[PDB]
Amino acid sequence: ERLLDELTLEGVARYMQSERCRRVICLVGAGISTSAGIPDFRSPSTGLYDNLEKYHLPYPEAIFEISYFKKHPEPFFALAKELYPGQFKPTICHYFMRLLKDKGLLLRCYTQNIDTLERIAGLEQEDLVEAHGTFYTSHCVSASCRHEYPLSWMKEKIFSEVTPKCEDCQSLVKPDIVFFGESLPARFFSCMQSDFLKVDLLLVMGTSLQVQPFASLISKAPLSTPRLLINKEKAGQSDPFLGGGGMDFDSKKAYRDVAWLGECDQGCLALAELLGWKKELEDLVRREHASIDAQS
């Protein structure tokens, strides 16, 4: 009695073009931005922790902690300059979600990424739940002030190596990324409680589903909702060592979860092609990439 006629990408595409599939939630992570040249800073294999040197951190994780930032912001802002991407060109995967938006299918995109590429690709703040915050805006950290600053202002401070301070009150100005010791954006749980009542398809792209709050979203889907994972590696299965709601791709009881294992851009391209959207997607990506490349 399942909604997918077969547990494959072709099955998902037929479901998407059926009357039953109207609202798509995307869950996306660092794997949709690596092909844009932005490494996964949460991966230990990236080497963030060996890069930290002259910063006499009481513990390597201090550079992610809010209380350390507020007393000693200089290490963070030096790391931000070192890690600042050289260009912001969203991927095929980002523009695929813009197509979902254009066609009225996008309920929400939940993202673990801070790189703003979802917004550059044309998702609006209403479309987005940035589970780890974003560099897109910054705020003065004084509770009585909270003056907002755009990324252009923050970029200029970061590159000139001037610690950003509020023009109204001279407190520090912090990018709206969620540091250790900061609470999750309240919109995360509000949107989660409402969105998963309405979802017809969960599209999971470029995330290992290991880090909170993402490590629990797939269990919020209704039991019937198909869940497509487009990812280099299988993810989201129950961990046998910790004793549900996990991905079941391959058992005889599997009925709704599909894994497409490969590069995220190639999987999204394959899905768009099945849907008849390949020309639309190519035209959009090439136009937006050309526009970004021509920035003067």
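Sequential numbering from 1, following the sequence displayed. Superpose the two forms; the largest set of C-alphas matching within 1.5 Å is the rigid core.
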Seminar exercise, completed: Per-stretch CA RMS vs shown form in 9 other deposited structures of this protein, rigid core as reference, larger of 111 to 119/147 to 155 is 147 to 155
Exercise. Do the Cα atoms of 62 to 70 or those of 225 to 233 sit farther, on average, from the shown form in 9 other deposited structures of this protein after fitting on the core?
Worked result: 62 to 70
Exercise. Are coordinates for residue 242 absent in a third or more of the other compared PDB entries?
Worked result: yes
Exercise. Would you class the number of unmodelled deposited residues between residue 243 and residue 244 as none, 1 to 3, 4 to 9, or 10 or more?
Worked result: 4 to 9
Exercise. When the C-alpha temperature factors are averaged for each of 67 to 75 and 86 to 94, which stretch ends up with the higher value in the entry?
Worked result: 67 to 75
Exercise. On average, are the C-alpha B-factors higher in 129 to 137 or in 181 to 189?
Worked result: 181 to 189
For this session: Choose from 37, 31, 60, 267 the residue with the greatest Cα B-factor as stated in the PDB record.
Result: 60
For this session: Among 224, 112, 163, 142, single out the one with the highest C-alpha B factor in the record, please.
Result: 163
Seminar exercise, completed: Here the Cα B-factor of residue 174, set against its chain, lands in the third termed lowest
Exercise. Split the chain's modelled residues into thirds by Cα B-factor; is residue 155 in the lowest, middle or highest one?
Worked result: middle
Problem set entry | CA B-factor ranking of residue 19, expressed as a third of its chain | highest
Exercise. What third of its chain, lowest, middle or highest, does the C-alpha temperature factor of residue 249 fall into?
Worked result: middle
Problem set entry | B-factor third for the C-alpha atom of residue 255 within its chain | lowest
